[PDB]
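>>> in their complex positions, the first chains:
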Amino acid sequence: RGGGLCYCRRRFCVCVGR
């Protein structure tokens, strides 16, 4: 199935989806 990817580290976060 589909979903979403989110990465968080230190004082910053980034998410990506298609």
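Great, that's in hand. Numbering: from 1, shown residues only, chains lettered A, B, ... in the order given.
>>> wait, residue A:16 sits on residue A:3?
No. Taking contacts as C-beta atoms under 8 Å, residue A:16 lies outside contact range of residue A:3: 11.1 Å. Using the backbone N, CA and C atoms, a C-beta is placed for each residue, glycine as well.
>>> spatially central residue in chain A, please.
residue A:6 (1.4 Å; C-alpha atoms, centre = their mean).
>>> can you classify that residue as helix, strand or coil?
Classification of residue A:6 by DSSP: H, G, I helix; E, B strand; the rest coil places it in strand.
>>> who touches it in this structure?
A:13-15 (C-beta atoms under 8 Å, 6 or more residues apart in numbering).
>>> please name the nearest non-neighbouring residue to residue A:7.
residue A:14 (5.3 Å; C-beta to C-beta, 6 or more residues apart in numbering).
>>> what number of residues lie near the one you found?
When counting by other C-beta atoms under 10 Å, one arrives at 9 neighbours for residue A:14.
>>> name the residues that touch stretch A:8-18?
Surrounding stretch A:8-18, the residues in contact under the criterion C-beta under 8 Å, 6+ apart are A:2, A:4-7.
>>> here's chain B, drop it onto the model above:
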Amino acid sequence: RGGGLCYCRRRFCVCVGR
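Placed with the earlier chains, chain B looks like this:
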């Protein structure tokens, strides 16, 4: 920017948080 931002463009979505 403040808070968290997230938006989808072209054929892929890109969101970032700080």
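>>> again for the contacts of residue A:6, since chain B is there now?
By C-beta atoms under 8 Å, 6 or more residues apart in numbering or on different chains, residue A:6 lies in contact with A:13-15, B:15.
>>> list buried residues within the residues you listed.
The neighbour count (16 or more other C-beta atoms under 10 Å in any protein chain shown) marks A:15, B:15 as buried among those.
>>> mind putting the contacts of residue A:6 in CSV, secondary structure included?
Putting those into CSV (three-state DSSP) gives the following:
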residue, secondary structure
A:13, strand
A:14, strand
A:15, strand
B:15, strand
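>>> distance from stretch A:3-18 to the middle of the chain?
2 Å (C-alpha atoms, centre = their mean, to the nearest Å).
>>> next, the buried residues of that stretch.
For stretch A:3-18, by 16+ other C-beta under 10 Å, it's residue A:15.
>>> close to chain B: what parts of chain A are there?
A:6, A:8, A:11-18 (C-beta under 8 Å from any C-beta of the partner chain).
>>> find the pair from the residues you listed with maximum spatial separation.
A:11 and A:18 (26.7 Å; C-beta to C-beta).
>>> so what's the residue count around residue A:1?
A count of neighbours around residue A:1, defined by other C-beta atoms under 10 Å in any protein chain shown, yields 2.
>>> bridging residues for the residue nearest to the centre of chain A?
Per DSSP bridges, the residues bridged to residue A:6 are residue A:15.
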